[PDB]
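>
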Amino acid sequence: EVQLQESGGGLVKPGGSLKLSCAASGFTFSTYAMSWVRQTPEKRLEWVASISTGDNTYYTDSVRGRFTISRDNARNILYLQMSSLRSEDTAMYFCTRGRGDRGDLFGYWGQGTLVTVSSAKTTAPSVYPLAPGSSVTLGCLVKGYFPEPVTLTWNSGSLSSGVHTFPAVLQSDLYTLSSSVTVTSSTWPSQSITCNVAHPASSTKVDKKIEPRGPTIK
Amino acid sequence: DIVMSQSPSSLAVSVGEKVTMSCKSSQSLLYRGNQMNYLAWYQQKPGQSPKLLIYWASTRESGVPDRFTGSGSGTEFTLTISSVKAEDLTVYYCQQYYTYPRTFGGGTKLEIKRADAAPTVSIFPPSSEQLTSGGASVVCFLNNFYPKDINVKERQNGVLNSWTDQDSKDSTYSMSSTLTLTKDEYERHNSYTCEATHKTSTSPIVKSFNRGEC
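As given, the protein sequences belong to chains A and B, one line each in that order. Each residue of the first sequence is one higher than the one before, counting from 609 in the working numbering. Each residue of the second sequence is one higher than the one before, counting from 6 in the working numbering.
1. Is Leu749 (chain A) helix, strand or coil when you go by DSSP?
2. Is the beta carbon of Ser658 (chain A) less than 8 Å from the beta carbon of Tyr666 (chain A)?
3. Determine, for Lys751 (chain A), whether the minimum Cβ-Cβ distance to residues of chain B falls below 8 Å.
4. Which residue or residues does DSSP assign as beta-bridge partners of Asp680 (chain A)?
5. Please report the straight-line C-alpha distance between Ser76 (chain B) and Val96 (chain B), rounded to a whole angstrom.
6. What would DSSP say about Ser142 (chain B), mapped onto helix, strand or coil?
7. Shortest alpha-carbon distance to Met700 (chain A) belongs to which of A:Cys630, A:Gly715, A:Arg646?
8. What does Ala45 (chain B) touch in chain A if you count any residue whose Cβ is under 7 Å from its own?
9. Closer than 7 Å between beta carbons: that is the criterion. Which residues of the stretch 35-61 of chain B meet it against chain A?
10. To the nearest angstrom, how far is it from the Cα of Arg193 (chain B) to the Cα of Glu116 (chain B)?
11. Rounded to a whole number of angstroms, what is the C-alpha to C-alpha distance between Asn195 (chain B) and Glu159 (chain B)?
12. Just list the beta strand (DSSP E) runs in the stretch 22-78 of chain B, keeping only unbroken ones of 3 residues or longer that don't cross its boundaries, in chain order.
13. Could you work out which residues of chain A lie near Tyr102 (chain B), taking near to mean beta carbons separated by less than 8 Å?
14. Using 8 Å as the Cβ pair cut-off and three pairs as the minimum, do the stretch 728-737 of chain A and the stretch 626-634 of chain A touch?
15. Give the list of continuous alpha helix (DSSP H) stretches no shorter than 4 residues that lie fully inside the stretch 622-703 of chain A.
16. With a threshold of 8 Å on Cβ separation, who are the neighbours of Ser19 (chain B) within its own chain once the five nearest residues in sequence on each side are excluded?
17. Between B:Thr125, B:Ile59, B:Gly52, B:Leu84, which lies nearest to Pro775 (chain A) when the distance is taken from Cα to Cα?
18. Assess contact between the stretch 132-149 of chain B and the stretch 33-49 of chain B, defined as three or more Cβ pairs (one per stretch) separated by less than 8 Å. Is contact present?
19. Specify, as a first and last residue, the run of the beta strand (DSSP E) that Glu200 (chain B) falls within.
20. Using a Cβ-Cβ cutoff of 8 Å, what residues of the stretch 100-124 of chain B are near chain A? List them in chain order.
21. List the residues of chain A that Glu22 (chain B) touches, going by C-beta distances under 8 Å, in chain order.
22. Residues of the stretch 165-179 of chain B in Cβ contact with chain A at a cutoff of 8 Å, in chain order, please.
23. Check this for me: beta carbons of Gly718 (chain A) and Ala641 (chain A), under 8 Å apart or not?
24. Can you list the alpha helix (DSSP H) stretches of 4 or more residues lying completely in the stretch 94-178 of chain B, in chain order?
25. Do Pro130 (chain B) and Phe73 (chain B) count as a contact pair if the criterion is CB distance below 8 Å?
26. Of the residues A:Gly720, A:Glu819, A:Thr698, which one's Cα is nearest the Cα of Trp644 (chain A)?
27. For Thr773 (chain A), collect the residues of the same chain with a Cβ closer than 7 Å to its Cβ; drop the 5 residues on either side in sequence, then sort them by chain order.
28. For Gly617 (chain A), which residues in the same chain have their Cβ closer than 8 Å to its Cβ, ignoring the five residues on either side in sequence?
29. Would you please verify whether the beta carbon of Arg821 (chain A) is less than 8 Å from any beta carbon of chain B?
30. Could you list the residues in the stretch 135-148 of chain B with a C-beta less than 8 Å from some C-beta on chain A, going in chain order?
31. List the residues of chain B that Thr745 (chain A) touches, going by C-beta distances under 9 Å, in chain order.
32. Considering only residues of the same chain and omitting the five flanking positions on each side of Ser127 (chain B), which have a CB-CB separation below 6 Å?
33. Please return the same chain residues whose Cβ sits closer than 6 Å to the Cβ of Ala17 (chain B), not counting the five positions on each side in sequence.
34. Could you have a look at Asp781 (chain A) and say whether DSSP puts it in helix, strand or coil?
35. Please go through the same chain and pick out, in chain order, the residues whose beta-carbon is closer than 6 Å to the beta-carbon of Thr668 (chain A), but skip the five residues on each side of it.
36. Give me the Cβ distance between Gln32 (chain B) and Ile7 (chain B), rounded to the nearest whole Å; I'm assuming they're in contact under 8 Å.
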């Protein structure tokens, strides 16, 4: 019933500029004083900025000048404007709302939007389908996609358990990323199973249907 | 610029036991004039935001379990886990909100350690499509096992790999295998095998095939 949704992350080259957007529903927006927290690739959490019930802003030193924190009570939105990005700043960005009608405690949390800062080039991904008596398994591969992240679903997400999606792996600016899925032999290819994948901001959206490798040579 | 310190770095528990978390602080988060400790604990289930577990170093946030208690004061604080479940397989963190900048600790990973399990494998040739662009990459899949301590494998000039963090359900791990190659070099050989070596696997576990083109 308290929802915080981030928007607009992604990739910038160094010295670039991003305006993040956290969109709140489900409470008296002006009554609480909000903030932003980022999480380093090394998984380390960093406070960033905070903005009082009355627009008193507060930043961590590493970002002073670059980053400006700004709330619009009208539309229940919060912004982090991020100019002049350093390579450090590559991380996951969460807004937070206050615990109570009080200080900047990180009561509630958005889901997080990611900001990647290389110079590297936006590249859409490839999808390569892994096709091979108890239980068969099949997988889906994403060789070469940048920047991170992507969203792998199975049968438009209808496939719950038996998935083991793996962390991506950057080598030479292209992330490689697998996923595994298992059903009784009685299931595939009895019933169609498709890898669904989205890559944002390349604005691509792919679905590669898992089909059997057939014997055809010449 | 208060510096938080969480110890130890790693851990190993089992469902039912007790768990003690340690936050050292570089200053007192206790303010004489309201006798309040300005300190808070977090749990961040992997792939998610963190949640507020504990604040004012003791007060449970609403909907926090009873099996969580926060104690301590001033500079040396402590997080209490009565019965560790596996719904508690995650990391944990502490912050201070006395002054700016707000500060977090180095976190603590509790790796649950329940039972040695049996790694299910599955080996997968390159796809009739990947070859068609340039390249090819077998994959084998370890699934639903403990411990995380199992490496796997005969020319190994460039692969990639990927682990899951522990399943919050069955306390397992699982592994990927990007056995990348040149397309045409993939025909220069025929017989293609991955092999595992577990803690319960003295005699290893193998899955294999021959290049379906001979």
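Where a beta carbon is used, it is the ideal one built from N, C-alpha and C, also for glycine.
Considering the structure as presented:
1. Your numbering for residue 749 (chain A) matches position 141 in the first sequence. It is a strand residue.
2. Start at 1 with the first residue of the first sequence, and residue 658 (chain A) comes out as number 50. Start at 1 with the first residue of the first sequence, and residue 666 (chain A) comes out as number 58. Yes, Cβ-Cβ distance for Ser658 (chain A) and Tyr666 (chain A) is below 8 Å.
3. Counting from 1 along the first sequence, the entry for residue 751 (chain A) is found at position 143. Yes - at least one Cβ of chain B is within 8 Å of the one on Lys751 (chain A).
4. Taking the first sequence and counting its residues from 1, the one referred to as residue 680 (chain A) is at position 72. Answer is A:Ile685, bridged to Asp680 (chain A).
5. By one-based count along the second sequence, residue 76 (chain B) stands at place 71. By one-based count along the second sequence, residue 96 (chain B) stands at place 91. Roughly 19 Å separates the two Cα atoms.
6. Stepping through the second sequence from its first residue, residue 142 (chain B) is reached at position 137. Here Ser142 (chain B) sits in strand by DSSP.
7. The residue given as residue 700 (chain A) occupies position 92 in the first sequence. Of the candidates A:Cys630, A:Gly715, A:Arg646, the one whose C-alpha sits nearest the C-alpha of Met700 (chain A) is A:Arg646.
8. By one-based count along the second sequence, residue 45 (chain B) stands at place 40. In chain order: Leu713.
9. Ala45, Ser54, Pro55, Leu57, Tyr60
10. To locate residue 193 (chain B), count along the second sequence from 1; it is residue 188. To locate residue 116 (chain B), count along the second sequence from 1; it is residue 111. Going from the Cα of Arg193 (chain B) to the Cα of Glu116 (chain B) covers about 43 Å.
11. For the purposes of this step, residue 195 (chain B) is taken as residue 190 along the second sequence, with counting starting at 1. For the purposes of this step, residue 159 (chain B) is taken as residue 154 along the second sequence, with counting starting at 1. Each residue's alpha carbon lies about 12 Å from the other.
12. 24-29, 44-49, 56-60, 73-78
13. For the purposes of this step, residue 102 (chain B) is taken as the residue at position 97 of the second sequence. Residues of chain A passing the Cβ test: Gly711, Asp712, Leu713.
14. no
15. none
16. For the purposes of this step, residue 19 (chain B) is taken as the residue at position 14 of the second sequence. Contacts found: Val89, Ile117, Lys118, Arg119.
17. The residue labelled residue 775 (chain A) in the question sits at position 167 within the first sequence. The shortest C-alpha separation from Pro775 (chain A) is found at B:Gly52.
18. no
19. Counting from one through the second sequence, the residue named residue 200 (chain B) turns up at place 195. Where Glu200 (chain B) is concerned, the enclosing beta strand (DSSP E) stretches over 196-201.
20. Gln100, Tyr102, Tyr105, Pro106, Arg107, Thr108, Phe109, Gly111, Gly112
21. Taking the second sequence and counting its residues from 1, one reaches residue 22 (chain B) at position 17. Going along chain A, no residue has its Cβ under 8 Å from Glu22 (chain B), so there is no contact; the nearest lies around 25 Å.
22. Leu165, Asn166, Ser167, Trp168, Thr169, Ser179
23. Indexing the first sequence from 1 puts residue 718 (chain A) at position 110. Indexing the first sequence from 1 puts residue 641 (chain A) at position 33. Contact: no.
24. 135-138
25. Start at 1 with the first residue of the second sequence, and residue 73 (chain B) comes out as number 68. Start at 1 with the first residue of the second sequence, and residue 130 (chain B) comes out as number 125. Contact flag unset, no.
26. Here the question's residue 644 (chain A) lines up with position 36 in the first sequence. With distances taken between Cα atoms, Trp644 (chain A) lies closest to A:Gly720.
27. Start at 1 with the first residue of the first sequence, and residue 773 (chain A) comes out as number 165. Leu760, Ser787.
28. By one-based count along the first sequence, residue 617 (chain A) stands at place 9. Closer than 8 Å at the Cβ level, and outside the excluded window around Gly617 (chain A), lie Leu626, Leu628, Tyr701, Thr721, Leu722, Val723.
29. Stepping through the first sequence from its first residue, residue 821 (chain A) is reached at position 213. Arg821 (chain A) counts as touching chain B.
30. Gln135, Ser138, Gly140, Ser142, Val144, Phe146, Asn148
31. Locating residue 745 (chain A) in the first sequence gives position 137, where the first residue counts as 1. Here the neighbours are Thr125, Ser127, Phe129, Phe146, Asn148.
32. Counting from one through the second sequence, the residue named residue 127 (chain B) turns up at place 122. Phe146.
33. The count along the second sequence starts at 1 and reaches residue 17 (chain B) at position 12. So the qualifying residues of the chain are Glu116, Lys118.
34. Taking the first sequence and counting its residues from 1, the one referred to as residue 781 (chain A) is at position 173. Three-state DSSP puts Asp781 (chain A) in coil, outside helix and strand.
35. For the purposes of this step, residue 668 (chain A) is taken as the residue at position 60 of the first sequence. Closer than 6 Å at the Cβ level, and outside the excluded window around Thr668 (chain A), lie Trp655, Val656.
36. By one-based count along the second sequence, residue 32 (chain B) stands at place 27. By one-based count along the second sequence, residue 7 (chain B) stands at place 2. Yes, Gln32 (chain B) and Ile7 (chain B) are in contact; Cβ-Cβ is about 5 Å, under 8 Å.
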